[PDB]
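Note sheet for the following structure.
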4 protein chains.
Amino acid sequence: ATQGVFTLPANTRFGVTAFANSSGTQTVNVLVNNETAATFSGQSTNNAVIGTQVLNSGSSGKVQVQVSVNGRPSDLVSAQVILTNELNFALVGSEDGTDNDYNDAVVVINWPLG
Amino acid sequence: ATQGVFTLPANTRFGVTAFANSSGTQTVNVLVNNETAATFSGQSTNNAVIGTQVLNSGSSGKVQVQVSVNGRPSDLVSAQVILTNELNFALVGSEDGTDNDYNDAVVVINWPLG
Amino acid sequence: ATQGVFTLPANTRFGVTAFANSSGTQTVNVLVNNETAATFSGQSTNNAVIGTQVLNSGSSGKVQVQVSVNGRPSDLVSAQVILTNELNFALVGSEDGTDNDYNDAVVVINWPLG
Amino acid sequence: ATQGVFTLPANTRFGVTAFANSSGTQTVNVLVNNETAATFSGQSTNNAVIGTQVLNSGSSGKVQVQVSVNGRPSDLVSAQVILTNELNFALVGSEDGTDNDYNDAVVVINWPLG
Ligand SMILES: C[C@@H]1O[C@@H](NC(=O)c2ccccc2)[C@@H](O)[C@H](O)[C@@H]1O
Ligand SMILES: C[C@@H]1O[C@@H](NC(=O)c2ccccc2)[C@@H](O)[C@H](O)[C@@H]1O
Ligand SMILES: C[C@@H]1O[C@@H](NC(=O)c2ccccc2)[C@@H](O)[C@H](O)[C@@H]1O
Ligand SMILES: C[C@@H]1O[C@@H](NC(=O)c2ccccc2)[C@@H](O)[C@H](O)[C@@H]1O
Ligand SMILES: [Ca+2]
Ligand SMILES: [Ca+2]
Ligand SMILES: [Ca+2]
Ligand SMILES: [Ca+2]
Ligand SMILES: [Ca+2]
Ligand SMILES: [Ca+2]
Ligand SMILES: [Ca+2]
Ligand SMILES: [Ca+2]
């Protein structure tokens with residue numbers, strides 16, 4: 001099944017934050033309006049926050065997360081959770097290696113903001 | 001129901017990150033084994049990270065999040081999600097006011113690391 | 001926080017199923033736009049499916065689950081999860097007692113159908 | 001990423017319930033101890049329950065859901081959710097066709113029971 005693609009409410013501000021847990025340099029691209037809107041890169045085995053940004057989901061609401069290591073796409077796993085019918089998280093893990101920890105790049109999207 | 005309490009695997013490193021979306025200064029306490037191990041304080045209405053730390057779950061694995069504003073405990077909402085039977089998130093929202101957006105402090109716990 | 005209240009897409013068919021895990025007879029009420037649409041009841045310590053029904057979310061999309069035992073309201077816990085940006089579950093547990101297993105009545109709402 | 005595989009606590013009873021939403025007759029296999037422990041079969045486009053059973057997760061705790069239609073394996077999507085640090089759901093959707101509704105067989109695993 002397709003992973004790393006989320007339909008947000010249209011025209012909504014959201015937070016996106018990426019963490020790294022791998023020997024390899026992680027590249028995270030976040031797409032809105034089907035165009036890259038934020039990019040984060042870095043190597044950490046200590047859960048570094050390789051970047052955090054506020055973005056706008058735009059007229060379609062479509063947000064896509066892509067992860068690669070030196071151009072090689074990582075395998076993604078994702079889901080969305082809603083708490084008290086109001087607070088939304090879109091969650092992504094990614095695997096760059098063989099161990100299947102799926103924490104090599106972790107991405108968390110949250111909305112609403114403010 | 002009790003919210004903001006999670007049983008992690010024992011003696012495991014985990015990441016904890018807090019975001020703020022409120023006029024009020026948020027104070028996040030992270031307890032391991034019923035003692036405060038990390039505290040984050042900050043103010044933002046734009047999802048700013050007010051703290052990030054790597055902790056160890058210790059012999060019990062018991063991790064608790066508490067949030068206060070101006071010494072008043074916030075109401076919490078929480079859940080844990082596991083992706084591909086490997087990647088764990090414990091998610092907390094909190095409400096310091098009347099709008100029930102539950103984003104006033106948002107806390108993301110993730111494991112494993114490395 | 002409020003629990004057991006879900007906003008579904010409007011005018012959508014959804015499934016609702018209830019399971020029992022208690023010495024007490026559970027009564028599960030499912031409200032659509034604040035009116036009882038389904039009522040299930042039974043007594044099992046072995047996960048009996050005490051009712052299952054297909055309902056329509058109608059114009060508001062508001063679905064609420066309430067549980068009573070001993071004519072006393074049970075305490076609820078809930079969340080919504082979305083898989084592959086398409087498959088939705090609204091999950092409810094309830095506690096009628098003191099052991100806080102929150103499985104005394106379990107309710108699962110799923111959509112889309114067909 | 002692997003889907004439909006869950007690590008439960010060892011030697012623990014769990015419920016498994018399967019629903020159908022497809023023209024195709026669904027075959028749901030639940031493996032424990034890497035051996036088939038239960039098989040459900042049926043057809044519905046109205047979310048009918050095609051099977052419900054209580055199984056034991058065994059010494060490993062490894063539970064695996066597989067779905068097939070006329071001997072062709074369906075593509076799975078899954079996740080686990082924990083509410084109030086006590087109530088666990090393992091959720092599976094499956095796709096046997098081209099519309100990617102992932103509801104053709106839906107499987108809900110819940111524990112603990114009793
Ligand atoms: C330190 C190590 O770094 C990566 N592993 C590798 O890059 C790797 C690639 C190929 C073969 C073996 C290891 C990660 O996938 C792994 O989870 C771990 O964080
Ligand atoms: C900016 C504003 O800040 C807080 N609101 C208050 O401090 C507040 C003040 C007065 C009355 C009610 C609430 C938050 O709870 C609210 O979600 C919003 O983020
Ligand atoms: C079998 C038992 O049934 C209820 N418990 C009681 O009825 C109860 C009886 C006596 C004292 C306290 C509670 C449940 O809350 C409990 O989770 C368990 O399923
Ligand atoms: C009624 C219909 O039944 C199946 N569809 C098919 O059997 C199908 C498979 C391949 C091509 C066309 C149809 C399902 O995948 C679909 O979601 C819908 O529930
Ligand atoms: Ca890895
Ligand atoms: Ca890793
Ligand atoms: Ca608020
Ligand atoms: Ca707020
Ligand atoms: Ca109970
Ligand atoms: Ca019980
Ligand atoms: Ca289908
Ligand atoms: Ca279908």
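Letters for chains follow the order of the structure tokens (A, B, ...), residue numbers begin at 1 for each chain, and ligand numbers begin at 1 in the order shown.
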Enumerate as a compact mmCIF listing (two decimals) with N, CA and C atoms, in the first residue's frame the residues within 10 Å of ligand 1, counting only C-alpha atoms and all ligand atoms.
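What ended up in result.txt:
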```txt
# COMPACT_ATOMS: atom_id res chain seq x y z
N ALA A 20 16.56 11.64 12.98
CA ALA A 20 17.46 10.68 12.29
C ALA A 20 18.00 9.66 13.29
N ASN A 21 18.06 8.41 12.87
CA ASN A 21 18.60 7.29 13.69
C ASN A 21 19.28 6.28 12.75
N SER A 22 20.45 6.61 12.25
CA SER A 22 21.12 5.76 11.23
C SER A 22 22.54 6.20 11.08
N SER A 23 23.37 5.31 10.54
CA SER A 23 24.75 5.71 10.16
C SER A 23 24.74 6.58 8.91
N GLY A 24 23.70 6.54 8.10
CA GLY A 24 23.70 7.26 6.82
C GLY A 24 23.08 8.64 6.98
N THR A 25 23.49 9.56 6.13
CA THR A 25 22.84 10.87 6.06
C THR A 25 21.45 10.72 5.46
N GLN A 43 22.90 13.38 9.62
CA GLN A 43 23.24 12.04 10.15
C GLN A 43 23.23 12.12 11.67
N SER A 44 22.57 11.18 12.31
CA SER A 44 22.56 11.05 13.76
C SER A 44 22.21 9.62 14.12
N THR A 45 22.78 9.06 15.17
CA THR A 45 22.22 7.86 15.82
C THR A 45 21.61 8.20 17.17
N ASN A 46 21.35 9.49 17.41
CA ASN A 46 20.84 9.99 18.70
C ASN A 46 19.55 10.79 18.52
N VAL A 69 18.61 8.23 1.02
CA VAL A 69 19.99 8.28 1.52
C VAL A 69 20.90 8.27 0.29
N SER A 74 14.25 5.31 0.60
CA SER A 74 13.98 4.46 1.76
C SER A 74 12.55 3.94 1.70
N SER A 94 10.95 5.11 8.26
CA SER A 94 11.63 4.80 6.98
C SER A 94 12.79 3.85 7.30
N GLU A 95 13.09 2.97 6.36
CA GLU A 95 14.16 1.96 6.50
C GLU A 95 15.16 2.14 5.38
N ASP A 96 16.42 2.37 5.76
CA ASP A 96 17.51 2.59 4.79
C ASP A 96 18.44 1.38 4.72
N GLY A 97 18.21 0.35 5.52
CA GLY A 97 19.22 -0.69 5.75
C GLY A 97 18.60 -2.07 5.72
N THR A 98 19.08 -2.95 6.59
CA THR A 98 18.62 -4.37 6.70
C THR A 98 17.90 -4.74 8.00
N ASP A 99 18.01 -3.95 9.04
CA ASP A 99 17.56 -4.33 10.39
C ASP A 99 16.05 -4.12 10.58
N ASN A 100 15.42 -3.36 9.72
CA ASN A 100 13.97 -3.10 9.77
C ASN A 100 13.60 -2.47 11.11
N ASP A 101 14.40 -1.56 11.64
CA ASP A 101 13.93 -0.78 12.79
C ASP A 101 12.97 0.34 12.32
N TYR A 102 13.01 0.75 11.05
CA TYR A 102 12.12 1.77 10.47
C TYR A 102 12.18 3.09 11.27
N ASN A 103 13.34 3.42 11.86
CA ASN A 103 13.55 4.69 12.61
C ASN A 103 14.66 5.53 11.95
N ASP A 104 15.09 5.13 10.75
CA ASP A 104 16.31 5.74 10.17
C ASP A 104 16.06 7.22 9.88
N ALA A 105 14.88 7.53 9.36
CA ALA A 105 14.30 8.89 9.39
C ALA A 105 12.90 8.69 9.90
N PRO B 112 12.36 2.51 19.03
CA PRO B 112 13.73 2.70 19.53
C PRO B 112 14.50 3.77 18.77
N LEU B 113 15.64 4.11 19.34
CA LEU B 113 16.62 5.04 18.72
C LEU B 113 17.79 4.27 18.16
N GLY B 114 18.71 4.97 17.51
CA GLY B 114 19.98 4.34 17.03
C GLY B 114 19.91 3.71 15.63
```
**OP:** Give me, as a PyMOL selection string, the contact residues of chain C against chain B at a cut-off of 7 Å, counting only C-alpha atoms.
**Re:** chain C and resi 1+75-77
If we count only C-alpha atoms, what is near residue 14 (chain C) at a cut-off of 10 Å, once residues fewer than 6 positions away on the same chain are taken out, given as a PDB file with N, CA and C atoms, in the first residue's frame?
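Result file around-v3.pdb:
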```pdb
ATOM      1  N   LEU C   8     -17.351  11.707  11.434  1.00  0.00           N
ATOM      2  CA  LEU C   8     -17.176  10.900  10.227  1.00  0.00           C
ATOM      3  C   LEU C   8     -17.454  11.810   9.043  1.00  0.00           C
ATOM      4  N   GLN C  53     -23.706  -3.604  13.436  1.00  0.00           N
ATOM      5  CA  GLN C  53     -24.762  -2.963  12.639  1.00  0.00           C
ATOM      6  C   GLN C  53     -24.079  -2.061  11.622  1.00  0.00           C
ATOM      7  N   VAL C  54     -24.771  -1.785  10.524  1.00  0.00           N
ATOM      8  CA  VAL C  54     -24.370  -0.738   9.560  1.00  0.00           C
ATOM      9  C   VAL C  54     -25.295   0.458   9.730  1.00  0.00           C
ATOM     10  N   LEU C  55     -24.689   1.604   9.923  1.00  0.00           N
ATOM     11  CA  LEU C  55     -25.413   2.876  10.114  1.00  0.00           C
ATOM     12  C   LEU C  55     -24.973   3.886   9.084  1.00  0.00           C
ATOM     13  N   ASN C  56     -25.724   4.977   9.044  1.00  0.00           N
ATOM     14  CA  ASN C  56     -25.374   6.111   8.147  1.00  0.00           C
ATOM     15  C   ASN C  56     -25.012   7.308   9.014  1.00  0.00           C
ATOM     16  N   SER C  57     -23.925   8.002   8.750  1.00  0.00           N
ATOM     17  CA  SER C  57     -23.474   9.122   9.587  1.00  0.00           C
ATOM     18  C   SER C  57     -24.356  10.369   9.450  1.00  0.00           C
ATOM     19  N   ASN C  88     -10.394   3.784   7.807  1.00  0.00           N
ATOM     20  CA  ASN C  88     -10.610   4.471   9.080  1.00  0.00           C
ATOM     21  C   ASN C  88     -11.161   3.550  10.155  1.00  0.00           C
ATOM     22  N   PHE C  89     -10.613   3.674  11.326  1.00  0.00           N
ATOM     23  CA  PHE C  89     -11.165   2.998  12.513  1.00  0.00           C
ATOM     24  C   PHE C  89     -11.333   4.047  13.611  1.00  0.00           C
ATOM     25  N   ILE C 109     -15.579   1.113  15.191  1.00  0.00           N
ATOM     26  CA  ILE C 109     -16.309   1.765  14.073  1.00  0.00           C
ATOM     27  C   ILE C 109     -15.370   1.745  12.879  1.00  0.00           C
ATOM     28  N   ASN C 110     -15.864   1.285  11.738  1.00  0.00           N
ATOM     29  CA  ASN C 110     -14.986   1.230  10.548  1.00  0.00           C
ATOM     30  C   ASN C 110     -15.672   1.805   9.316  1.00  0.00           C
ATOM     31  N   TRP C 111     -14.890   2.484   8.496  1.00  0.00           N
ATOM     32  CA  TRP C 111     -15.408   3.000   7.226  1.00  0.00           C
ATOM     33  C   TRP C 111     -14.219   3.228   6.327  1.00  0.00           C
ATOM     34  N   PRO C 112     -14.376   3.264   4.999  1.00  0.00           N
ATOM     35  CA  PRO C 112     -15.646   3.052   4.310  1.00  0.00           C
ATOM     36  C   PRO C 112     -16.022   1.587   4.240  1.00  0.00           C
ATOM     37  N   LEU C 113     -17.287   1.355   3.864  1.00  0.00           N
ATOM     38  CA  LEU C 113     -17.812  -0.011   3.607  1.00  0.00           C
ATOM     39  C   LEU C 113     -17.938  -0.273   2.094  1.00  0.00           C
ATOM     40  N   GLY C 114     -18.367  -1.475   1.721  1.00  0.00           N
ATOM     41  CA  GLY C 114     -18.617  -1.838   0.304  1.00  0.00           C
ATOM     42  C   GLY C 114     -17.396  -2.257  -0.495  1.00  0.00           C
TER      43      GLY C 114
ATOM     44  N   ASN D  46     -21.348  -5.586   2.783  1.00  0.00           N
ATOM     45  CA  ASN D  46     -22.059  -4.840   3.847  1.00  0.00           C
ATOM     46  C   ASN D  46     -21.391  -5.052   5.195  1.00  0.00           C
ATOM     47  N   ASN D  47     -20.085  -5.303   5.178  1.00  0.00           N
ATOM     48  CA  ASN D  47     -19.286  -5.370   6.437  1.00  0.00           C
ATOM     49  C   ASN D  47     -19.766  -6.517   7.315  1.00  0.00           C
TER      50      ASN D  47
END
```
**OP:** Among the residues of region 8-112 of chain B, find those DSSP assigns to strand (DSSP E) from the backbone and print them as number ranges by chain.
**Re:** B: 13-32, 35-56, 62-69, 72-73, 75-83, 87-95, 105-111
**OP:** Write out as a ChimeraX atom specification the residues lying within 8 Å of residue 58 (chain D), counting only C-alpha atoms and excluding same-chain residues fewer than 3 positions away.
**Re:** /D:10-12,32-33,61-62
